[PDB]
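Observations on the three-dimensional arrangement
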There are 2 protein chains.
Amino acid sequence: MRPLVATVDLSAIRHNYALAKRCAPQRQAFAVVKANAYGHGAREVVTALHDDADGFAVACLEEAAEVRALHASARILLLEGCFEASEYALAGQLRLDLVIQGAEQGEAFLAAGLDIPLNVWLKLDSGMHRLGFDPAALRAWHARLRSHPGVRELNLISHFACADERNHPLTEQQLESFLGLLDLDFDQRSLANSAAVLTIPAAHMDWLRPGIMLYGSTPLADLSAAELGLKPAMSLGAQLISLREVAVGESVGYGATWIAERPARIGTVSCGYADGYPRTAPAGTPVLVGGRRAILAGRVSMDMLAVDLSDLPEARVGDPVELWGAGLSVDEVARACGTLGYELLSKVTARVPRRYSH
Amino acid sequence: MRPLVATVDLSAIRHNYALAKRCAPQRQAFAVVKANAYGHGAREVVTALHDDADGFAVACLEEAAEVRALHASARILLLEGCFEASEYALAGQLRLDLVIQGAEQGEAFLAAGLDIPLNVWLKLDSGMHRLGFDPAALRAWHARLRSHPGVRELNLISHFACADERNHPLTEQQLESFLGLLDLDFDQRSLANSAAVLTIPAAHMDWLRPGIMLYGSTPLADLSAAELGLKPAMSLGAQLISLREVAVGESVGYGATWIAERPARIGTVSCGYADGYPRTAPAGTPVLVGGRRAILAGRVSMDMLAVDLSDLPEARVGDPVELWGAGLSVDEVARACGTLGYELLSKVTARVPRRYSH
Ligand SMILES: NCCCC[C@@H](N)C(=O)O
Ligand SMILES: NCCCC[C@@H](N)C(=O)O
């Protein structure tokens, strides 16, 4: 088989979830498992956290349906709520926690006429300015929904825009904006993402919403996952499929963007952008070969990648290549590529086989 | 359901394939369908090109097995050959065309001792400098393999590094390298990718290898798919799921990257980087709202994207959003994102449903 495997350490995820829990020991935490549990496998992640998780949060009904099929009783939150009229009936049947974040969505809920009472989370836009109500509108919808027969729990949710930064003004502003609604009778309040879980105890409220940290990728711009005690879940391992000698002045890969200055050893790796790796990953991007540090040379192809092995003379065809995992953080690779671990993990494509360990 | 669908026009692929064949009508053409037919769905693309295609080219044995399952007799080329010794027996069962690029791989084929002779394509490294033999080694391997009992067809293959550019020096070097071997007895010669199929008739040889052009994305740096008469295969459509008023000095999305300079109208779209969209898509990346041109505002998140709707007063929640397709070229969007159509197309993730048009 093509030597490229994503290994998922499930005990790391449980460890990381327990760690998030320890940040607010008397409180509750959603396991955010949207986008196929951030590329790790929603079915397997929900199974590993079946008893551990206070609840689950997802991006859509398709994902919610998948979680419910696996956990018959657990709390499942639709982070974006329902997208259309026909979803409400199914949401009722699967006993989902709903989000109302706009007027259209709120009017759709009212028009649905569901018999079964559900928990409804009203979304405050506290500065992100994408989804959510402004305070006046949320107050209006709190009034219309508090004593509604189909509402079991009326709750409050909002999201930080810059919680990853150690001291961005908007963070404190959002927190104070969230507290501007302390007067309204809410059954639950939720504010904290991974970054907030770890660094803003005042925002913990009732339900934490850790996503990225569960997978051993840092939510913070200034602290690494290793510094935070998070264990990496995904190991994307490949192999050296080719070794070449490249003479001075000769180029490597598309566009002839990499030119040898000295007699060079160039290794080809069984990983490309069709696997999820960034196409535009620059020269100098780290990679591990036989557990040793090396760097990218030349453009990343659809199915192949190239590395400079001029300083690794013992490296041979067949040697294991770690793109990211326990030895090289997905965050380090991501940053060198001008992006975040979020993206690298999310986009590991279907063609990449998944293994699961403990 | 979540309002995000990748609509694939299969008859556009048939059209683009016939256009590739018309570049060299007396010659044959491989339909390059690797990486799930560049995200378009290998099963459906191969079915559409079941009789049209002279043969198929893929990146690995797994992909080849899928193709053989659908077409019992078609020529299937493994572009990178077999990755390990144990693959050869299966490659033999599936009656695949093999590639030999390196000494290790060549030795593995020799050692395999297969039951049936197979077509063998020897790969010349003509300047790409990742895969393939130097001219001397290829001549040596030709001498070994020309009357070897396990070889049915002995062929020559190489691949351009800069055929996307108008007249790059390396393109001539690569062509001269290839031609310098044509004193040797070869059954088939293959050199031309999409770029070369359209612009380098001297590279046409016996078998063309069009990939990207099949899907209506330009392979060339300075001509567009429309100018080349290529019909776009994939249409990625979403919807406005939210619409907001944003005051001057207020920010949008993570990191507060986008700050409103006039009273702004801002819409949220049901597409994000976990769907395959580039996370780092900058401000000014084009989008269509109700068929009308508009630009991105704020960081792309995992499941959501934001657009500036200030100059489209009639835009409403529920309106269709074209991320790319027949209205807006995947090539234009990719150029704005500092990458190519290849990446955007082939990274559309499993959770984006594919619909096929008729
Ligand atoms: N980037 C262009 C797509 C073709 C890349 C080709 N060298 C491969 O990895 O299969
Ligand atoms: N980039 C962080 C991912 C979370 C973003 C969240 N707003 C969403 O799109 O669901």
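1. Observations regarding the site of ligand 1
Taken together, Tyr254, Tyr273, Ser301, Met302, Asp303 and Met304 of chain A together with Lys34, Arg130 and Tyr342 of chain B form the complete shell of residues around ligand 1. Flanking ligand 1 are residues from chains A and B. At 3.2 Å, a side-chain N or O of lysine 34 of chain B approaches an oxygen atom of ligand 1. Taken by itself ligand 1 offers 320 Å² of open surface, and the protein chains cover 90% of this.

2. Comments concerning the nonpolar core
Judged by nonpolar contacts, the single largest core of 232 residues is most densely connected at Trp324 of chain A together with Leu323 and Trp324 of chain B. Per element, the largest residue contribution to this core is five residues, and it comes from helix α1 (residues 10–22) of chain A. Aside from chain neighbours lying at most four places away, what touches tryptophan 324 of chain B is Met234, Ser235, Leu236, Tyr277, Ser329, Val330, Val333, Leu344, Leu345 and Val348 of chain B.

3. Section: the site of ligand 2
Surrounding ligand 2, one finds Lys34, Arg130 and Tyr342 of chain A together with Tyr254, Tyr273, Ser301, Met302, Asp303 and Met304 of chain B. Around ligand 2, the nearby residues trace back to chains A and B. Contact distances for ligand 2 include 3.2 Å between an oxygen atom and a side-chain N or O atom of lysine 34 of chain A. Here a nitrogen atom of ligand 2 and a side-chain polar atom of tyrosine 273 of chain B are 2.6 Å apart.

4. Considerations on the pairing of strand β1 (residues 5–9) of chain A
Residues and elements named next belong to chain A. Of all five residues that make up β1, four are buried, and the element is covered over most of its length. Both β1 and strand β18 (residues 354–357) contribute to a ladder of four bridges, which runs parallel. Each residue of the ladder has a partner; that of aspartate 9, found in β18, is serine 357.

5. Focus on the UniProt feature "active site" in chain A
The UniProt feature table records "active site" at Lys34 and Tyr254 of chain A. Considering the C-alpha atoms alone, the annotated residues occupy 221 residues of sequence and remain spread out, their largest mutual distance being 35.2 Å. Examined against the element boundaries, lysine 34 of chain A turns out to sit in helix α2 (residues 34–38). Beyond its immediate chain neighbours, meaning those up to four positions away, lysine 34 of chain A contacts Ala57, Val58, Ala59, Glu63 and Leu79 of chain A together with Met302 and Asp303 of chain B.

6. Quick notes on the sheet that holds strand β5 (residues 98–100) of chain A
Residue and element names in this part refer to chain A. Strand order in the open sheet made by the four strands is β5-β6-β7-β8, with parallel pairing throughout. Looking along the sheet, the strands with just one partner apiece sit at the ends: β5 and β8 (189–190). Taken together, the two bridges between strand β7 (residues 151–157) and β8 define a ladder with parallel strand orientation. Within β8, the residue paired with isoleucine 157 across the bridge is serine 190.

7. Some words on the interface of chain B and chain A
Between chain B and chain A, the residue contacts involve 68 residues of the former and 67 residues of the latter. Of all residues in chain B, the largest losses of buried area upon contact with chain A belong to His129, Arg130 and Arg244 of chain B, amounting jointly to 16% of the total for that side. The interface formed by chain B and chain A includes four salt bridges. The salt bridge involving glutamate 63 of chain B is made with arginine 351 of chain A; its shortest N-O contact spans 2.8 Å.

8. Details of the domain arrangement of chain A
How big an interface is tends to be stated in terms of accessible area lost as the parts join. Residues and elements named next belong to chain A. By domain assignment, chain A separates into domain 1 (1–9 + 218–358) and domain 2 (10–217). Just the C-alpha atoms count here: the centres of domain 1 and domain 2 sit 34 Å apart. Listed as interface residues are 25 residues of domain 1 and, on the opposing side, 25 residues of domain 2. For the pair domain 1 and domain 2, the summed buried surface comes to about 2100 Å²; carbon and sulfur atoms form 63% of the total. Looking at the side of domain 1 that touches domain 2, the elements that each hand over two or more residues are β1, α10 (225–228), α11 (330–336), α12 (341–346) and β18. When residues of the side of domain 1 that touches domain 2 are assigned to their parent elements, the largest contribution, four residues, is made by α12.

9. Re the UniProt feature "binding site: substrate" in chain A
According to UniProt, the feature "binding site: substrate" maps to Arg130 and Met302 of chain A in the numbering used here. A stretch of 173 residues holds the annotated residues, and the largest C-alpha distance among them is 33.5 Å, long enough that they do not meet in one place. Considering the arrangement of structural elements, one finds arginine 130 of chain A in the loop between β6 (118–123) and α7 (135–145). Relative to the elements of secondary structure, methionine 302 of chain A occurs in the loop between β15 (292–296) and β16 (305–308). Accessibility expressed as a relative area gives 5% for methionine 302 of chain A, which makes it buried. Aside from chain neighbours lying at most four places away, what touches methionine 302 of chain A is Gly272, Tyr273, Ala274, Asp275 and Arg351 of chain A together with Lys34, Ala35, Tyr38, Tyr342 and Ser346 of chain B.

10. Brief notes about empty space enclosed by the protein
Residues and elements named next belong to chain A. Under the definition given, this model contains one cavity of 30 Å³ or more. Approximately 40 Å³ is the volume found for the largest cavity. Around the largest cavity, the lining residues are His40, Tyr215, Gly216, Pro232, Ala233, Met234, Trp324, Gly325, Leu328, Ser329, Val330 and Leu345. When grouped by side-chain class, the residues that make up the lining of the largest cavity number eight nonpolar, four polar and no charged. Inspection of the lining of the largest cavity shows a minimum of three residues originating in each of domain 1 (1–9 + 218–358) and domain 2 (10–217).

11. Examining the packing of helix α6 (residues 103–112) of chain B against helix α7 (residues 135–145) of chain B
Two quantities define a packed helix pair, namely the angle between the axes and the distance from one axis to the other. Residues and elements named next belong to chain B. Running from N to C, α6 and α7 point in directions that differ by 5°, and their axes come no closer than 12 Å. Judged by the inter-axis angle, α6 sits roughly parallel to α7. Contact residues: α6 offers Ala103, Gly106, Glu107, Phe109 and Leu110, while α7 offers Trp141, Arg144 and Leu145. Of the residues belonging to the contact of α6 with α7, the class tally is five nonpolar, one polar and two charged.

12. Regarding the relation of the copies chain B and chain A
Rotating chain B by 180° and translating it 0.0 Å along the rotation axis places it on chain A, where the RMSD comes to 0.3 Å. The superposition of one copy onto the other is thereby described by a two-fold rotation axis. Looking at the interface residues of chain B, 99% of them are also at the interface in chain A, so both copies use one shared face.

13. Looking at the sheet that holds strand β8 (residues 189–190) of chain B
Pairing in this open sheet of four strands is parallel, and the strands run β5-β6-β7-β8 (chain B) from one edge to the other. Two strands close off the open sheet at either side, each with one partner strand: β5 (98–100) and β8 of chain B.

14. With respect to the environment of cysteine 162 of chain A
Tracing the backbone through its elements, the reader meets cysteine 162 of chain A in the loop between β7 and α8 (169–179). By relative accessible area, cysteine 162 of chain A is classed as buried at 0%. Considering only alpha carbons, one finds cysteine 162 of chain A and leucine 220 of chain A, 58 residues apart in sequence, at a separation of 9.7 Å. Sequence-distant contacts of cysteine 162 of chain A, defined by excluding residues within four places in its chain, comprise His168, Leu170, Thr171 and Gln174 of chain A together with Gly255 and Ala256 of chain B.

15. As for the environment of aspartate 9 of chain B
All names here are of chain B. Structurally, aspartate 9 can be placed in the loop between β1 (4–8) and α1 (10–22). Take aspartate 9: its relative accessible area is 27%, and that puts it in the partly exposed class. Between the alpha carbons of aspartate 9 and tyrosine 356 there is a distance of 6.2 Å; along the sequence they are 347 residues apart.

Calculation rules
- Residues numbered from 1 in each chain as written, not as in the entry; some residues may be left out.
- Chains lettered and ligands numbered in written order.
- Heavy atoms only, no water.
- Near = heavy atom within 4 Å.
- Polar contact = N/O pair within 3.5 Å; in protein donor to acceptor, adjacent residues only side chain to side chain.
- Areas by Shrake-Rupley, 256 points an atom, 1.4 Å probe, with all protein chains shown as cover.
- Core = buried A, V, L, I, M, F, W, Y, C linked by side-chain atoms within 4.5 Å.
- Buried < 20%, exposed > 50% of the residue type's maximum accessible area, 1.4 Å probe, protein only.
- Helix = DSSP H or I, 4+ residues; strand = E, 2+ residues; numbered from the N terminus.
- Contact = heavy atoms within 4.5 Å.
- Pairing = 2+ DSSP bridges.
- UniProt positions renumbered as here; feature names shortened; annotations may be inferred.
- Buried area = accessible area lost by both parts, 1.4 Å probe.
- Salt bridge = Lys/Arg side-chain N within 4 Å of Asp/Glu carboxyl O.
- Domains from an automatic or database assignment.
- 1 Å grid on protein atoms, 1.4 Å probe; cavity = no way out; pocket = protein on both sides within 12 Å on 5 of 7 lines; lining within 4 Å.
- Points joined across faces, edges and corners; volume = space filled by probe spheres on them.
- Nonpolar A, V, L, I, M, F, W, Y, C, P; charged D, E, K, R; others polar.
- Axes fitted to C-alpha atoms, helices over the stretch in contact; angles between N-to-C directions.
- Parallel < 35°, antiparallel > 145°, perpendicular 65-115°, else oblique.
- Least-squares fit on C-alpha atoms.

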